[PDB]
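Novice: Just need the structure, nothing else, for what follows:
(one chain, ligands or ions: 1)
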Amino acid sequence: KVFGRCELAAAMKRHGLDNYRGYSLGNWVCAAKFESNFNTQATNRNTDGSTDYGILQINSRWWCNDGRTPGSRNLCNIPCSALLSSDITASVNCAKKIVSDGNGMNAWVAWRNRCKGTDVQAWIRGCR
Ligand SMILES: CC(=O)N[C@H]1[C@H](O[C@H]2[C@H](O)[C@@H](O)CN[C@@H]2CO)O[C@H](CO)[C@@H](O[C@@H]2O[C@H](CO)[C@@H](O)[C@H](O)[C@H]2NC(C)=O)[C@@H]1O
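Specialist: Numbering: from 1, shown residues only. Sharing the structure here:
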């Protein structure tokens, strides 16, 4: 599913991401925008043999199991395909673990390069 911007904001807010680990809702929306363009089905392969999955491009070397990634830790204890669901619950629960692990949202490369330091609140403009 391709979420609308405010639709995703509302889902993320309901799931407790607004200010989770001190990151305002716009940070999370901005991260999803540039990681997946709001597409829950997005997948992308990386050079180390891992793949990124879903709305928040969660990586299979660390967080989920896809059965084909060398050195995979599966720290969210979930199959990577669960992170492609139209329901963002699993991705949110896993993202909460990721952002709590020491480097905050720097875990998301697109967030660091395209969101960090910017007017991220603009990503929730007009949303109710
Ligand atoms: C969301 C996520 O899974 N983040 C990973 C991060 O994934 C990137 C990947 O690096 C890119 O090549 C493609 N897109 C993904 C999402 O933007 O990868 C990081 C390492 O490259 C990883 O950070 C490591 O996390 C573990 C567990 O928290 C730590 O123990 C390490 O210290 C982290 N290593 C570094 C260098 O920060 C993200 O979790």
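
Novice: Which element, helix or strand, includes the residue most central in space within the chain?
Specialist: In the chain, the C-alpha nearest the mean C-alpha coordinate belongs to residue 56, at 2.1 Å (C-alpha atoms, centre = their mean). Counting by DSSP states H and E, residue 56 is held by no secondary-structure element, helix or strand.

Novice: Distance check, it against the ligand.
Specialist: Between residue 56 and the ligand the computed distance is 6 Å (C-beta to the nearest ligand atom, to the nearest Å). Yep, even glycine has a C-beta here, placed from its N, CA and C like the rest.

Novice: any idea where the strands of the chain begin and end?
Specialist: Shown for the chain, the strands assigned by DSSP state E span residues 43-45, 51-53, 58-59.

Novice: At the contact with the ligand, which residues of this protein appear?
Specialist: Proximity of the chain to the ligand, by C-beta under 6 Å from any ligand atom, involves residues 35, 46, 52, 57-59, 62-63, 98, 101, 103, 107-110.

Novice: Now the strands of the chain in JSON lines, please, with extra columns for mean neighbour count.
Specialist: What follows is the strands of the chain, written out as JSON lines (neighbours: other C-beta atoms under 10 Å):
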{"stretch": "strand 43-45", "mean neighbour count": "14"}
{"stretch": "strand 51-53", "mean neighbour count": "24"}
{"stretch": "strand 58-59", "mean neighbour count": "26"}
